[PDB]
Amino acid sequence: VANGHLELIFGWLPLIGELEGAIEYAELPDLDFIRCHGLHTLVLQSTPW
RNA sequence: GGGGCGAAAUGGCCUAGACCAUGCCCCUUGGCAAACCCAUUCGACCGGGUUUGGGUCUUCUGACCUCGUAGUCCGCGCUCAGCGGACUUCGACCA
């Protein structure tokens with residue numbers, strides 16, 4: 001068992017490499033941008049003709 | 001029907017921009033003020049119709065009553081009427 005478990009953990013080690021790589025990939029700081037608009041108005045006056 | 005708008009109320013588009021949907025802004029013109037007419041308790045009774053409504057001389061151009069609108073010099077004096085008065089213009093059934 002002392003040798004089998006050691007072999008097993010040594011074989012498991014590489015997978016932790018790509019797992020930590022993916023973890024780091026999840027922390028990549030990226031983003032986009034947002035942009036909006038708006039408009040308000042007001043009548044001034046009016047007369048007949 | 002004829003138009004307007006993307007403004008303005010929001011929704012697509014929505015650095016920005018210009019277009020879209022419902023969606024919202026107006027016309028359905030209006031007024032004449034007078035004179036006369038019906039059937040009848042053989043007028044009281046409301047409603048309708050006709051002739052006029054700035055106006056004439058040649059209302060053709062153009063002028064003669066009237067005014068309205070302006071611009072220009074104006075008298076500080078000359079003419080019997082007097083006066084405050086001159087010249088040029090456009091309009092004249094009414095909003």
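Values quoted throughout were computed directly from the atomic coordinates according to the rules given, and no laboratory measurement underlies them. For neighbour counting, all protein chains shown are included, and Cβ atoms are generated from backbone atoms with ideal geometry for every residue, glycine included.
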Some residue of the stretch A:6-23 being within 34 Å of the chain's Cα centre (by Cα), of a type in the set (D, E) and assigned to a helix (DSSP H, G or I): yes
Qualifying residue in the stretch A:9-18 (condition: more than 16 Å from RNA strand B (Cβ to nearest atom) and among the small types (G, A, S)): yes
